[PDB]
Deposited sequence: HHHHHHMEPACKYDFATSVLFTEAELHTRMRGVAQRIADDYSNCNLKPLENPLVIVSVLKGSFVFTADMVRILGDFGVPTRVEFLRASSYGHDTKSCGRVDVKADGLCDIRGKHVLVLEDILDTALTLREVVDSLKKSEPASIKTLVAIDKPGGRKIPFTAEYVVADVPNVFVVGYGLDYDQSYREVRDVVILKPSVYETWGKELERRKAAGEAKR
């Protein structure tokens, strides 16, 4: 029914976010093959946000290494497409911290603070969205509309 964030807007947020993640990961200073910085992507919705973010991090001198789902001694940065109930991200963060990560943070593209079932605050957020059902930029409704380059609100008369 309306567009919330276009691809130009989503990239602009990820400029300062990558600039933020660059500052907070300066003293550790890890490079390819040595320590890669394990980008933990949560399939399937976060594959659009992952392919764009790992490149922008490389633009600011932050190498990456991507693992997909749905260790130890190395830093971990979990990437979710949307942070709503935070239940799925809670289980991943706890299950990952078991294999002694040298650091762990979370980076989400769309954050819905009003739809939480448990208290959870991500370290880096691209954009905030009110409590509505949205698609685009990896977000889907029954495995569809992920190809939309913008985060939009779907019309309810499709159900």
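No C-alpha positions are given in the record for the deposited-sequence stretches 1-16, 87-109, 199-216.
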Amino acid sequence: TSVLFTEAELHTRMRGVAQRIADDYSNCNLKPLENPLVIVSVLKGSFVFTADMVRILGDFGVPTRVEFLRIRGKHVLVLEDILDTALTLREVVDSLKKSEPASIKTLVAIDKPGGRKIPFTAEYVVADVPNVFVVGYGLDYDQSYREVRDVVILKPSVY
From here on, numbers count along this sequence of modelled residues.
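Here the rigid core means the biggest group of C-alpha atoms that line up within 1.5 Å when the two forms are laid on top of each other.
Displacement analysis by core superposition in 8 other deposited structures of this protein ranks 150-158 above the other of 150-158 and 1-9 in root-mean-square C-alpha distance from the shown form.
The stretch that moves more in 8 other deposited structures of this protein, judged by CA deviation after a rigid core superposition and choosing between 101-109 and 28-36, is 28-36.
The mean C-alpha temperature factor is higher for 29-37 when 29-37 and 46-54 are set side by side. Higher mean CA temperature factor between 19-27 and 140-148: 19-27, per the PDB entry. Taking the deposited Cα B-factors for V66, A102, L69, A127, the highest one is held by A102. The entry lists C-alpha B-factors for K117, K97, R90, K112, and the highest of these is at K97. Per the deposited record, the Cα B-factor of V132 falls in the middle third when ranked against the other modelled residues of its chain.
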